[PDB]
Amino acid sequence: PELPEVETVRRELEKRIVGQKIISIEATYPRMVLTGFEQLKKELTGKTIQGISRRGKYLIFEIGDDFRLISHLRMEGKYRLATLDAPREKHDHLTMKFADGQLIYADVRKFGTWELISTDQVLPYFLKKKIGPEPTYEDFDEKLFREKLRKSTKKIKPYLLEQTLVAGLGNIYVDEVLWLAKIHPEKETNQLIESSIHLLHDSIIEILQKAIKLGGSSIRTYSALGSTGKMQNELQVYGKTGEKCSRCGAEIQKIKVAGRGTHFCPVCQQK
C-alpha cells in the first residue's frame, strides 16, 4: 500500500479496535517481528489498544500508555478483522486475538514488518528513517521543497519515491502526480522552474487527499481492511499502458525508471 491505503486501514482500525483488550498474540511467521516476537507477545498480552496513528506509509498501534507497535505493510501486507473460529489462510502470519474477534496480518511476500518501541522513541525512530513531511498544506512547505529540488541532479520520480522530500508517495501515486503536474518522470529536479514546482507541490497534496477521501486504490478488492476503495477508478496513467490520455488523447507509455514501471503521457509530460 501507499499512504492513502495505509490511512484507510488506520481509519477502519481506529473505528473498530480502539478500546479492545488483547487476549493473546500468535505467530506462524515470528521472524517479521524485528524487535523479537516472544518479547512483543510478553509485553502486549493483556494490554488495551488506545489508538492508531500513521506516519508516511507506517501504521502505528498505540497500546497502553508506553508502547507503540510500528507496522509496515510493504508491497502486499493486508489486515483483516475475523471471527475467533476463522480458518487459517496460507499467507496469514500474525494474529492479535480479542474477546470477540481477531486482527490478522497476511503478507504473500513476507516483506511487512512489526517493531515494538516505546512512546518516547517514536519521534527518534522516524528521525532516524529521515522521513519527510506529511503531504498536507500545513506540513509540506513548498519553500524547502523548492530548495531541495534546486540543489539536486536526481530524476524527479526516484527522488520523490525516497520519502525524504515528502512522505507517502509510491509507484501508483508518483505516476499520477507527475501526469497531473505535467512533469516527465526522468526530469532532473534542478531543471524544474518555480511554477512547475508549485504545481507539483499542490498536485502531491491534492492527489493523496483525493485518494484518502475515496478510500485508496483497490485493484484487487477483497476480504481485508481498506478493500472498498474507489480511487482505482480515478487513475489517469498507472496501469493504463496503450490507453489514451484523458487530456490530449496520446497513448500512455510504460518505461523503466530507476528499476520501477513508469506510466506517462509523452505529449503532456515533455522529456
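Between two forms, the rigid core is the largest collection of C-alphas that superpose within 1.5 Å. From 1 onward, residues are counted along the sequence shown.
*Asks:* Line up the rigid core: which moves more in 5 other deposited structures of this protein, 242-250 or 39-47, by C-alpha RMS?
*Replies:* The stretch that sits farther from the shown form in 5 other deposited structures of this protein is 242-250.
*Asks:* Quick one: is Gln236 left out in at least a third of the other entries we compared?
*Replies:* No.
*Asks:* Using a one-third cut-off over the other compared PDB entries, is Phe67 one of the residues left without coordinates?
*Replies:* It is not, since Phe67 is included in all of the other entries that model both flanking stretches.
*Asks:* Of 71-79 and 94-102, which one has the bigger average CA B-factor?
*Replies:* 94-102 has the higher mean C-alpha B-factor.
*Asks:* Which wins on mean Cα temperature factor, 38-46 or 214-222?
*Replies:* The entry gives the higher C-alpha B-factor average to 214-222.
*Asks:* Compare the CA B factors listed in the entry for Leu144, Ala167, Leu178, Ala86 and report the winner.
*Replies:* Of the options given, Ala86 has the highest CA B-factor in the PDB entry.
*Asks:* Ranking the modelled residues of this chain by C-alpha B-factor as given in the entry, is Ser152 in the lowest, middle or highest third?
*Replies:* Ranked within chain, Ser152 CA B lands in the highest tercile.
*Asks:* Taking only the Cα B-factors deposited for this chain, tell me whether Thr113 sits in the lowest, middle or highest third.
*Replies:* CA B-factor rank for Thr113: lowest third.
*Asks:* Would the CA B-factor of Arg10 place it in the lowest, middle or highest third of its chain?
*Replies:* It belongs to the lowest third of the chain when residues are ordered by C-alpha B-factor.
*Asks:* Among the chain's modelled residues, which third holds the C-alpha B-factor of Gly56?
*Replies:* Lowest third of the chain for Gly56's C-alpha B-factor.
*Asks:* Determine, from the deposited record, the chain-internal third of the Cα B-factor for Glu194: lowest, middle or highest.
*Replies:* It belongs to the highest third of the chain when residues are ordered by C-alpha B-factor.
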